[PDB]
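S.K.: What follows is upload_1.txt, compact mmCIF, C-alpha atoms.
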```txt
# COMPACT_ATOMS: atom_id res chain seq x y z
CA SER A 1 3.99 16.71 -15.57
CA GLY A 2 6.69 14.32 -16.92
CA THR A 3 6.58 11.27 -14.64
CA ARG A 4 8.85 8.24 -14.68
CA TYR A 5 7.18 4.82 -14.80
CA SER A 6 9.14 1.57 -14.20
CA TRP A 7 8.43 -2.14 -14.94
CA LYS A 8 10.14 -5.52 -14.30
CA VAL A 9 10.11 -7.72 -17.44
CA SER A 10 11.06 -11.37 -18.10
CA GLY A 11 12.32 -12.16 -21.65
CA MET A 12 13.87 -8.91 -22.92
CA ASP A 13 17.55 -9.73 -23.57
CA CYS A 14 18.08 -9.82 -27.36
CA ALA A 15 18.78 -7.24 -30.09
CA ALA A 16 15.19 -7.04 -31.43
CA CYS A 17 12.91 -7.51 -28.41
CA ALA A 18 14.38 -4.30 -26.98
CA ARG A 19 13.05 -2.44 -30.00
CA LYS A 20 9.71 -4.25 -29.88
CA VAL A 21 9.52 -3.16 -26.21
CA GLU A 22 10.28 0.54 -26.82
CA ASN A 23 8.07 0.51 -29.94
CA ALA A 24 5.30 -1.04 -27.76
CA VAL A 25 5.62 2.28 -25.83
CA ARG A 26 6.44 4.74 -28.68
CA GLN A 27 3.14 3.76 -30.34
CA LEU A 28 1.31 5.62 -27.51
CA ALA A 29 1.52 9.46 -27.54
CA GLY A 30 2.04 10.76 -24.00
CA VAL A 31 5.38 8.91 -23.78
CA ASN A 32 8.29 11.30 -24.41
CA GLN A 33 11.34 9.31 -23.18
CA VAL A 34 12.00 5.56 -22.80
CA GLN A 35 14.73 3.65 -20.87
CA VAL A 36 14.93 0.00 -21.93
CA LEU A 37 18.03 -1.49 -20.24
CA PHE A 38 19.15 -5.03 -21.12
CA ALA A 39 20.60 -7.43 -18.53
CA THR A 40 18.70 -5.64 -15.73
CA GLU A 41 15.60 -6.42 -17.85
CA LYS A 42 14.12 -3.29 -16.31
CA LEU A 43 11.84 -0.99 -18.24
CA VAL A 44 11.40 2.70 -17.70
CA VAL A 45 9.02 5.03 -19.54
CA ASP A 46 9.00 8.79 -18.97
CA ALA A 47 5.54 10.05 -19.95
CA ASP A 48 3.57 13.21 -19.15
CA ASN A 49 0.56 11.10 -17.95
CA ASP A 50 -0.08 7.66 -16.43
CA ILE A 51 -0.26 5.11 -19.25
CA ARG A 52 1.35 2.20 -17.36
CA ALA A 53 -1.58 -0.14 -17.95
CA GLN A 54 -1.34 0.90 -21.60
CA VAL A 55 2.34 0.09 -21.89
CA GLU A 56 1.71 -3.17 -20.01
CA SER A 57 -1.13 -4.08 -22.42
CA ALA A 58 1.33 -3.31 -25.24
CA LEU A 59 4.17 -5.43 -23.76
CA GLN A 60 1.70 -8.19 -23.00
CA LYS A 61 0.60 -8.24 -26.69
CA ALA A 62 4.29 -7.98 -27.70
CA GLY A 63 4.73 -11.24 -25.72
CA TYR A 64 6.56 -10.15 -22.54
CA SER A 65 5.19 -10.83 -19.06
CA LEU A 66 6.02 -7.78 -16.92
CA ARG A 67 4.97 -6.44 -13.55
CA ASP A 68 3.97 -2.78 -13.37
CA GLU A 69 6.40 -1.07 -11.05
CA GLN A 70 5.95 2.06 -9.00
CA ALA A 71 6.84 5.52 -10.39
CA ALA A 72 10.40 5.09 -9.10
CA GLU A 73 8.69 4.32 -5.79
```
Could you show the structure in this file as C-alpha cells?
M.R.:
Amino acid sequence: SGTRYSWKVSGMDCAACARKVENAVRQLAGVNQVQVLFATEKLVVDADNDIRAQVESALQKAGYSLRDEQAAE
C-alpha cells in the first residue's frame, strides 16, 4: 500500500517554508511519512494512496510552484 511520491519544487530553502510544505501534506490523512529535503528542493511524500494532486494543490496554495514527479519513477 505505502507508496512514495516525489515532487520538484522552486522556493523551499528557508527554516519555515519547509514546515509549511510538510504541513501542506500532514493536513491530508493518507500521508504517513514525509521527506522534505532542503538544497535539493525535492519533496517526497510516503502515503498509502495517491494524493499527489492533493499535495500539489496544497503546495500551490502554500505559494510554491512544483512539478508532480513520478512515484520514484
S.K.: Would you pick out the contacts of stretch 13-24 of chain A at 10 Å or less, using all atoms listed in the file, so that residues sharing its chain but fewer than 4 positions from it are not included, and give the list as a PyMOL selection string?
M.R.: chain A and resi 9+28+33-41+43-45+54-64
S.K.: Between atom CA of residue A:11 and atom CA of residue A:72, what is the spacing in Å?
M.R.: 21.4 Å
S.K.: When you look at residue A:46 with a cut-off of 10 Å (counting only C-alpha atoms), what residues show up, excluding the ones that are within fewer than 5 positions of it in the same chain? I need them as a short mmCIF file (atom, residue, chain, number, x, y, z; two decimals) with C-alpha atoms, in the frame of the given file.
M.R.:
```cif
data_model
loop_
_atom_site.label_atom_id
_atom_site.label_comp_id
_atom_site.auth_asym_id
_atom_site.auth_seq_id
_atom_site.Cartn_x
_atom_site.Cartn_y
_atom_site.Cartn_z
CA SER A 1 3.99 16.71 -15.57
CA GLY A 2 6.69 14.32 -16.92
CA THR A 3 6.58 11.27 -14.64
CA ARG A 4 8.85 8.24 -14.68
CA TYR A 5 7.18 4.82 -14.80
CA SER A 6 9.14 1.57 -14.20
CA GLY A 30 2.04 10.76 -24.00
CA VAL A 31 5.38 8.91 -23.78
CA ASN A 32 8.29 11.30 -24.41
CA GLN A 33 11.34 9.31 -23.18
CA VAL A 34 12.00 5.56 -22.80
CA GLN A 35 14.73 3.65 -20.87
CA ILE A 51 -0.26 5.11 -19.25
CA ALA A 71 6.84 5.52 -10.39
#
```
S.K.: Applying 6 Å and all atoms listed in the file, which residues near residue A:7 remain after dropping the ones on its own chain fewer than 4 positions away? List them as a list in words.
M.R.: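 Close residues of residue A:7: residues 42, 43, 67, 68 and 69 of chain A.
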S.K.: Once 3 Å is added on each side, what centre and edge lengths in Å to one decimal does the axis-aligned box around all listed atoms of stretch 35-42 of chain A have, as JSON?
M.R.:
```
{"center_x": 17.4, "center_y": -1.9, "center_z": -18.8, "size_x": 12.5, "size_y": 17.1, "size_z": 12.2}
```
S.K.: Looking at all atoms listed in the file, which of A:47, A:66, A:53, A:12 is the one that sits closest to residue A:29?
M.R.: A:47
